[PDB]
């Protein structure tokens, strides 16, 4: 687990990257609130798949290019309620092999 900081009223940046084969040949990724569970993400805030961003909402979005493996999460206009641990999960095809990144956001 690695810790990151943001300020109230600004945007949070939570880095998360992998190296894909090609822009149209990606690995599905999920983000969730809470430490990464055994499988999948809990409390999902964003999802991508082999070609598209399939799930996002007004305050949870990507500022970088997911087709290049930049799956870093932006949380827009944060409040103290956004403090906590987030999971970035790189859902490599196969069993028991995802990359599970735990990110703690501290907000002041």
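Residue numbers count along the first chain shown, from 1. Each form is matched to the other, and the largest set of C-alpha atoms that superpose within 1.5 Å is called the rigid core.
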remark   = Between 48-56 and 77-85, the one drifting more in C-alpha RMS in 6 other deposited structures of this protein once the core is aligned is 48-56
request  = Could you tell me which of the two stretches, 60-68 or 37-45, has its Cα atoms lying farther from the shown structure in 6 other deposited structures of this protein after fitting on the rigid core?
outcome  = 37-45
ask   = Higher mean Cα B-factor in the deposited model: 71-79 or 24-32?
value = 24-32
key: Given 93-101 and 9-17, the range whose Cα B-factors average higher in the PDB entry   = 93-101
request  = Could you look up the Cα B-factor of residue 63 in the entry and say which third of the chain it sits in: lowest, middle or highest?
outcome  = highest
